[PDB]
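S.K.: I am attaching a structure below and will ask some questions about it afterwards.
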Amino acid sequence: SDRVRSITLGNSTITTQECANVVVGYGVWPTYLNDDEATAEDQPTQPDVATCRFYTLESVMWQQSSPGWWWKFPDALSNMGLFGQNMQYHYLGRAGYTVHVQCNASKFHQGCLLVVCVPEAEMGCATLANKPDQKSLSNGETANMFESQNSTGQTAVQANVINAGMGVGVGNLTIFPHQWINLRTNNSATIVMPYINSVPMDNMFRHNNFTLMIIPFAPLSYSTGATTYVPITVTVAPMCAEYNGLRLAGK
Amino acid sequence: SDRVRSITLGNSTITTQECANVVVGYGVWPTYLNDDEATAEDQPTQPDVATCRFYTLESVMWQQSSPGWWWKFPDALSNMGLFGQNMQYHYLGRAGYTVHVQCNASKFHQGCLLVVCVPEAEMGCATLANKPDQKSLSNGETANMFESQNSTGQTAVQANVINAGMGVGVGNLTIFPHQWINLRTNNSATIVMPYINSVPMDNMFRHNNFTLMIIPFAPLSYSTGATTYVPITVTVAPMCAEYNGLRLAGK
Amino acid sequence: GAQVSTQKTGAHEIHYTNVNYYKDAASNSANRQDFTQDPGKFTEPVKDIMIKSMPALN
Amino acid sequence: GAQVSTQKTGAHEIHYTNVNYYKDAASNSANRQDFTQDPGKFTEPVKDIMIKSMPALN
Amino acid sequence: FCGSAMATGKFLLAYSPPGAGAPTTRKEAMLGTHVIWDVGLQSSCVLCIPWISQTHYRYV
Amino acid sequence: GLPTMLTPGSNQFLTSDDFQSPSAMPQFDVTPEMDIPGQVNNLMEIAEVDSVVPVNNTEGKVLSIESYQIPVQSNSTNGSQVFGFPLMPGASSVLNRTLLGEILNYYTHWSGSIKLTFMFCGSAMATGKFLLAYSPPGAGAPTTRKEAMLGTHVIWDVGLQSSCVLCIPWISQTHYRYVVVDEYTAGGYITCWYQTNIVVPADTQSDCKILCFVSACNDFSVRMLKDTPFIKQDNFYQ
Amino acid sequence: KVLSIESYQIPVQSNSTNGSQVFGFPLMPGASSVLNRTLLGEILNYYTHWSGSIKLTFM
Amino acid sequence: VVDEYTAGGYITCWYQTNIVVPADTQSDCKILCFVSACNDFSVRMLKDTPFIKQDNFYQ
Amino acid sequence: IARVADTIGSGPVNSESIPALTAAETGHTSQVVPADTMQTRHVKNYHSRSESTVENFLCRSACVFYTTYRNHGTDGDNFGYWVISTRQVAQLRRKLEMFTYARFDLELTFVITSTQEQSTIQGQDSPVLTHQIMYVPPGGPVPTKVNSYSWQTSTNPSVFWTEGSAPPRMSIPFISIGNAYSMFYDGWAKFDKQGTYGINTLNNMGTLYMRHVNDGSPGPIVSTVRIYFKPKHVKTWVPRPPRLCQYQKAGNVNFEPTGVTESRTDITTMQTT
Ligand SMILES: CCCCCCCCCCCCCCCC(=O)O
Ligand SMILES: CCCCCCCCCCCCCC(=O)O
Ligand SMILES: CCCCCCCCCCCCCC(=O)O
């Protein structure tokens, strides 16, 4: 039916028997930069198979008091195979992403997760005068956790989930490309993100520029005697990745 | 859908709401012997309704430590209605079989049964010098049970399930027409078996020549408080049964 | 009555002759090149067509 | 299927027949008269044509 | 079948014309006209009792 | 010369080979052929001829002409047996020495239908009805007339036509059978009973003789030539 | 397990950690003891060379 | 046969998530493996098997 | 041509079609190719399945028996015999038994070798030896002595062979009374089910008899004849799993229960092997 779906990228495949649909960005499928949009003159690199493939991040464990998590991209993929390698040797880069969040339950479990990709998600620090340090913003392959109370710390991020680290209403995050994992309905959510930026290409190490947030709006719940370990796995795949500006490796 | 199915033979009918499919032998539907394949000259008998119908054997009870069962045919039908009668009064016979194995569970039960029809399933004795006696090979309408350990006995059959009584690998039995009853998927399995033999007709009392095996590869399992009595019923129907060589009754 | 057939050669960059000498067909040589294949008997013995991309069970 | 070829004879002042008996092409006899020559691979592997009478380097 | 949705069963609905007694075991009932009923999403099943008599009509 | 390779079987003497050899008498002029009566092209033309069966081959009768005579008499009971023997034309002593059985013993396999003709060699004033039955294997041999009529049979009424034929049809699971006795290729049983009595007037003999003949039908065939166990020899005949 | 039907059964259970291994074996259909006794591996042992793609179905 | 020049690789299975089950259900489950060749599979150079042996003639 | 399938090119996919998911309960073996679960290139495959045909797999000469006979004997009683069967050797029996039914012609070859025995009969200068193999079909007269009348071979086929020459060979057609040779039989010989059970019920092929055609010389000599079978013009039906347990008898399928495979340390050890 329309609940089944498969996605093959590179030498990787993801099957889902209980999905909702695919959310495709803003109706735009990711493509390669055209000649009339390009400004960098050297012939770009396009690995096209070794990089445009699925990578699985580190899983988290959904608990009854989990406020939520977030990843930064492509910082989360900065050490993933040849995709991270091309990022180090190149000054400029460009990709779109297929994002697949997967969480299965027992049909007696309940809870609803919001899965959203926020472009240019600039986050505030817990101390108003300071700035968040590098690790609080993006731990790479590891998720940074939202809090269900005000954060403290000179370099900490204001990770109170009610504002989503950005100073907005967390219920208003549905303006971005989003989906819901509702345990009674579906065990996965997938979003295809095109490349969004104010320039045709950017440095992949000092800019993201979208964040993945997973926020439980309905908490996890079950009766005693059921499985209590409900993990959420994240599998991202860059699409149409190209690179410009080859030189020595860094960072 | 394709999970429902009905089979009407004679004055009998079997409905199934949760099946997988029908396995038809080696792609051959059973038929009557043709003039250019026949060698016996007398006009054969074809009851065609009173014999080509469904017969239900004796049920067994699936337990958590059941190695498996087996029936021999048409010895299992040798006392079933008019099909057994025509077998006694005739020297030669010929039939194909629809086999329907049925086992239902509670959707909290688990276990996987292999249902296979083995042509010419010659079985070995527990004592290497001797031969298995008549009852160990085929109890007729009653199932002979596999063991989960080496058998003993002068006339006993070597019923250790790991070799399936034949001296082969039990996991390699899928070369024959087979099916699986997986309790989470389907509650029945059906196989249509044509007549397979090196002669156009044979004596139905001194030759089988296929066996039905039901081997649980995944054991039966459930949590306490669930139903613990899970029976397996077998319903076979001869197809296109014809008979030659009428004389006094025997055996 | 001589039969000229194609020898077994390699692919990606060659005939032999045969005469039968005896009156019985069993005296002939082996049918070394009878290449026929029908795996569907054993791999797809089911009644319905069972297309690949479709779900096996509804 | 008999192949009549030219024997190896002398120049400046003669066929044989061949029949294949076996089904494999490896059972045949050697290709004693496969006269092909392409020495340019090893003697002139350079990119430019390098005419003889001209100077090799300007 | 007015039981639960988690319950499952198979039932043999049999009809036997007269001439012998009433069947006393399932082995004797399957010789007659019957329908094996598998419970599931379709909750009902029909056993059609065909008209097998020697006369055209019967007495009430 | 022509290059050639010797293969297995060279310089071997196989007694059933078809080769050409040189004639030790070149240009010999054979006698002109003559039209002789009774030319035989197939051995099956000999098996298809009737030959008397020694059904009464008991311990004393076998050295006498009384072996062929099947005794039938007037009885006081009903349904008695007259004779019975198994359908083994190659192995049974009731059949293996006839023209059909003598030819079978040179072969390993047979197949086809058999005829059993019966001539009633009693008086013209005698009358009888006989049940000639054949029963395929799988059950035992019938022991009463009630069990013989379930099988293949012919009720024989004696009269102006003195003979009757019981055609033993070919009912087996294989295409051929073994001339030797084998349980896999059992053939069945031929039996004869009284359908009525031998009723005779006064001053007539109640005891009569019946004769048996056995010949093959037009679908009969043999296979795999062998030597006979019937002829032997210790040393060369001088 | 090798003398029992439990050889074919691959145990999977609910865990408390994340990313555990379930099984692992080498791709040697002719030599590996995990494969050389199946219908595919039993046929390979009559031959010296193989080639092609393999399917691994999981129920 | 096993040869280092023609190594084949490794087949592994991991948990992408957990086996999540409701109450009154068995957390322990079984999985089954099947192996079959694809339509591009092929073998070559017939040999004898190391699987069957014999010391003397079967009587 | 038994040419395998080419690999088709396939790019990325995102759709509802699920080639990797199926129901193995159906008994259907999935027809997934590598081009369904990954981006493949185009490969023109020129590999052929010409060597796995049942004719090529079975058309190999195999020794099925050997026996010995002497020249002196008593009295004698110096000759050999073999009741023909294909189940006294392990190697050819396992190949033939991968199928339930087979029809084929045979190529029969013999390899006869003679050996000098220990003695003190010096000096010995013995002319070349000649052997006679006689085949007696079921029911024919059997040789009782090394010089009995049955060796006349008036109707029984026999091959005479002198040592030092090519091993003798002859072809046999398909000779069974059934429509196919049976490797397996799941019934008895008698209708009451007493007696022989299994494939021995259908074993009625005949017997071979061997002797020296020469009169015995003073020096003792023992000859051994090796019989070789070669299936030809093969047709097989109903393949079955290969024999896993070691054979024990020729007449039956009796076995000693064997493990499914070779064991290893744990479920994840890559040392296999
Ligand atoms: C002079 C040499 C003649 C010998 C002729 C030998 C003929 C015997 C038959 C050989 C075929 C037996 C094949 C049986 C197959 C089986 O039982 O599976
Ligand atoms: C195995 C190669 C055999 C070569 C040919 C040698 C045998 C004689 C061939 C005679 C050809 C003419 C016969 C015919 O008309 O078919
Ligand atoms: C090496 C010289 C071989 C001489 C020829 C002997 C072999 C038989 C030739 C038969 C020719 C007819 C066959 C054909 O049609 O090609």
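Neighbour counts are summed over all protein chains in view; Cβ atoms, including those assigned to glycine, are modelled from backbone coordinates with ideal geometry. The numbers here are math on the coordinates, done by the rules we state, and not lab data.
S.K.: All but one of (1) of a type in the set (V, I, T); (2) buried (at least 23 other Cβ atoms within 10 Å of the Cβ); (3) farther than 24 Å from I:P242 by Cβ hold for B:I191, so report the exception by its number.
M.R.: B:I191 satisfies all of (1) of a type in the set (V, I, T); (2) buried (at least 23 other Cβ atoms within 10 Å of the Cβ); (3) farther than 24 Å from I:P242 by Cβ except (3).
S.K.: Something else: How many of the residues in the stretch B:112-138 are surrounded by fewer than 20 Cβ atoms within 10 Å (Cβ to Cβ) and in a loop (DSSP other than H, G, I, E, B)?
M.R.: 5
S.K.: Hey, any hits in the stretch D:32-48 for a residue that's within 16 Å of ligand 2 (Cβ to nearest atom), on the phi < 0 side of the Ramachandran plot and touching a strand residue (DSSP E or B) at 6+ places or on another chain (Cβ under 9 Å)?
M.R.: Within the stretch D:32-48, none of the residues are within 16 Å of ligand 2 (Cβ to nearest atom), on the phi < 0 side of the Ramachandran plot and touching a strand residue (DSSP E or B) at 6+ places or on another chain (Cβ under 9 Å).
S.K.: In this structure, is I:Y185 closer than 30 Å to F:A139 by Cβ, within 13 Å of ligand 1 (Cβ to nearest atom) and of a type outside the set (A, V, I, L, M)?
M.R.: Against the criterion (closer than 30 Å to F:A139 by Cβ, within 13 Å of ligand 1 (Cβ to nearest atom) and of a type outside the set (A, V, I, L, M)), I:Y185 qualifies.
S.K.: Please go through the stretch A:17-56 and give me each residue that is closer than 23 Å to A:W70 by Cα and either surrounded by fewer than 15 Cβ atoms within 10 Å (Cβ to Cβ) or of a type in the set (V, I, T) (or both), ordered by number.
M.R.: Correct list: A:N21, A:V22, A:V23, A:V24, A:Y26, A:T51, A:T56.
S.K.: Among the residues of the stretch F:13-33 satisfying the criterion of being of a type outside the set (S, T, Y) and within 33 Å of the chain's Cα centre (by Cα), which is surrounded by the most Cβ atoms within 10 Å (Cβ to Cβ)?
M.R.: So, considering only residues that are of a type outside the set (S, T, Y) and within 33 Å of the chain's Cα centre (by Cα), the one surrounded by the most Cβ atoms within 10 Å (Cβ to Cβ) is F:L14.
S.K.: If we only count strands (runs of 3 or more DSSP E) wholly inside the stretch I:1-92, which ones have 2 or more residues that are within 8 Å of another protein chain (Cβ to nearest Cβ) and more than 30 Å from I:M210 (Cα to Cα)?
M.R.: Strands (runs of 3 or more DSSP E) meeting the threshold: I:13-15.
S.K.: Determine if the stretch I:218-235 includes at least one residue that is buried (at least 19 other Cβ atoms within 10 Å of the Cβ), among the aromatic types (F, W, Y) and in contact with a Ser or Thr (Cβ under 6 Å, 6 or more places away or on another chain).
M.R.: First, pick out the residues of the stretch I:218-235 that are buried (at least 19 other Cβ atoms within 10 Å of the Cβ): I:221, I:223, I:225, I:227-234.
Still in the list and also among the aromatic types (F, W, Y): I:228-229.
Narrowing the set further to residues that are in contact with a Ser or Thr (Cβ under 6 Å, 6 or more places away or on another chain) leaves I:228.
Among the residues of the stretch I:218-235, at least one is buried (at least 19 other Cβ atoms within 10 Å of the Cβ), among the aromatic types (F, W, Y) and in contact with a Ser or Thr (Cβ under 6 Å, 6 or more places away or on another chain), which makes the answer yes.
S.K.: Name every residue in the stretch C:33-56 that is within 8 Å of chain I (Cβ to nearest Cβ), of a type in the set (G, A, S) and out of contact with any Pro (no Cβ under 9 Å at 6 or more places or on another chain), in order of residue number.
M.R.: If the condition is that a residue be within 8 Å of chain I (Cβ to nearest Cβ), of a type in the set (G, A, S) and out of contact with any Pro (no Cβ under 9 Å at 6 or more places or on another chain), then C:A56 is the only one that fits.
S.K.: Can you tell me which condition I:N71 does not meet? The list is (1) within 22 Å of I:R243 (Cβ to Cβ); (2) in contact with a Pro (Cβ under 8 Å, 6 or more places away or on another chain), and all the others hold.
M.R.: Against the list (1) within 22 Å of I:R243 (Cβ to Cβ); (2) in contact with a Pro (Cβ under 8 Å, 6 or more places away or on another chain), I:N71 comes up short only on (1).
S.K.: Taking only pairs six or more apart or across chains, which ones have beta-carbon atoms under 8 Å, a first residue in the stretch C:5-29 that is within 27 Å of I:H47 (Cβ to Cβ), and a second residue that is outside any loop (DSSP other than H, G, I, E, B) and within 16 Å of ligand 1 (Cβ to nearest atom)?
M.R.: C:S29/I:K232
S.K.: Something else now. What's the number of the condition A:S59 fails, among (1) more than 14 Å from chain H (Cβ to nearest Cβ); (2) under 30 Å from I:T37 (Cβ atoms); (3) crowded, with 18+ Cβ neighbours inside 10 Å?
M.R.: Every listed condition holds for A:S59 apart from (1).
S.K.: Follow-up. Take the conditions more than 14 Å from chain C (Cβ to nearest Cβ), in a loop (DSSP other than H, G, I, E, B), within 16 Å of ligand 3 (Cβ to nearest atom) and small (G, A, S) and apply them to D:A30. Does it pass? If you could, list the steps in order and put the result at the bottom.
M.R.: Working: more than 14 Å from chain C (Cβ to nearest Cβ): yes; in a loop (DSSP other than H, G, I, E, B): yes; within 16 Å of ligand 3 (Cβ to nearest atom): yes; small (G, A, S): yes.
Yes.
S.K.: Quick one: would you say D:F42 is loosely packed, with under 10 Cβ neighbours inside 10 Å, outside any loop (DSSP other than H, G, I, E, B) and away from ligand 1 (no atom under 16 Å from the Cβ)?
M.R.: So D:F42 fits the description; yes.
S.K.: Still on this structure, I have one more. Answer yes or no as to whether H:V43 is within 7 Å of chain G (Cβ to nearest Cβ), part of a loop (DSSP other than H, G, I, E, B) and either within 24 Å of the chain's Cα centre (by Cα) or not aromatic (F, W, Y) (or both). Break it down stepwise before answering.
M.R.: On the way: within 7 Å of chain G (Cβ to nearest Cβ): yes; part of a loop (DSSP other than H, G, I, E, B): no; either within 24 Å of the chain's Cα centre (by Cα) or not aromatic (F, W, Y) (or both): yes.
So H:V43 fails the test.
S.K.: Of all residues in the stretch D:1-14, how many are assigned to a loop (DSSP other than H, G, I, E, B) and either away from chain C (no Cβ under 14 Å) or within 16 Å of ligand 1 (Cβ to nearest atom) (or both)?
M.R.: Qualifying residue count, the stretch D:1-14: 8.
S.K.: Here's another thing I want to ask about it. Restricting the stretch C:1-19 to residues that are more than 21 Å from the chain's Cα centre (by Cα) and within 13 Å of ligand 3 (Cβ to nearest atom), which is surrounded by the fewest Cβ atoms within 10 Å (Cβ to Cβ)?
M.R.: C:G1
S.K.: Another question, then. Mind counting the residues in the stretch E:1-20 that are in contact with a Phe, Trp or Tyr (Cβ under 9 Å, 6 or more places away or on another chain), among the aliphatic types (A, V, I, L, M) and outside any loop (DSSP other than H, G, I, E, B)?
M.R.: Initial filter on the stretch E:1-20 (in contact with a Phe, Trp or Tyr (Cβ under 9 Å, 6 or more places away or on another chain)): E:1, E:6-7, E:9-13.
Now drop any that are not among the aliphatic types (A, V, I, L, M), which leaves E:6-7, E:12-13.
Add one more test, that the residue is outside any loop (DSSP other than H, G, I, E, B), and what stays is E:12-13.
So the answer is 2.
S.K.: Taking into account only those residues within the stretch C:15-27 that are within 14 Å of ligand 2 (Cβ to nearest atom) and in a loop (DSSP other than H, G, I, E, B), which is farthest from the other protein chains (Cβ to nearest Cβ)?
M.R.: Filtering the stretch C:15-27 for residues that are within 14 Å of ligand 2 (Cβ to nearest atom) and in a loop (DSSP other than H, G, I, E, B), the one farthest from the other protein chains (Cβ to nearest Cβ) comes out as C:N20.
S.K.: Only residues that are buried (at least 24 other Cβ atoms within 10 Å of the Cβ) and facing chain I (nearest Cβ under 10 Å): list them for the stretch B:139-159, please.
M.R.: Hits for the stretch B:139-159 are B:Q158, B:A159.
S.K.: Okay, next question. Could you tell me which residue of the stretch I:105-122 is surrounded by the most Cβ atoms within 10 Å (Cβ to Cβ), considering only residues that are among the hydrophobic types (A, V, I, L, M, F, W, C) and assigned to a strand (DSSP E or B)?
M.R.: Filtering first and then ranking leaves I:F110.
S.K.: I've got another one for you. For residues in the stretch I:191-205 being touching a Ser or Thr at 6+ places or on another chain (Cβ under 8 Å) and either more than 12 Å from ligand 1 (Cβ to nearest atom) or more than 7 Å from chain B (Cβ to nearest Cβ) (or both), which is nearest to B:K72 (Cα to Cα)?
M.R.: Result: I:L202.
S.K.: Restricting to the stretch F:175-184, give me the number of residues that are crowded, with 21+ Cβ neighbours inside 10 Å, closer than 20 Å to I:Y197 by Cβ and touching a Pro at 6+ places or on another chain (Cβ under 9 Å).
M.R.: 1
S.K.: Given the criteria closer than 15 Å to F:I190 by Cα and out of contact with any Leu (no Cβ under 6 Å at 6 or more places or on another chain), does F:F130 qualify?
M.R.: Yes, satisfied.
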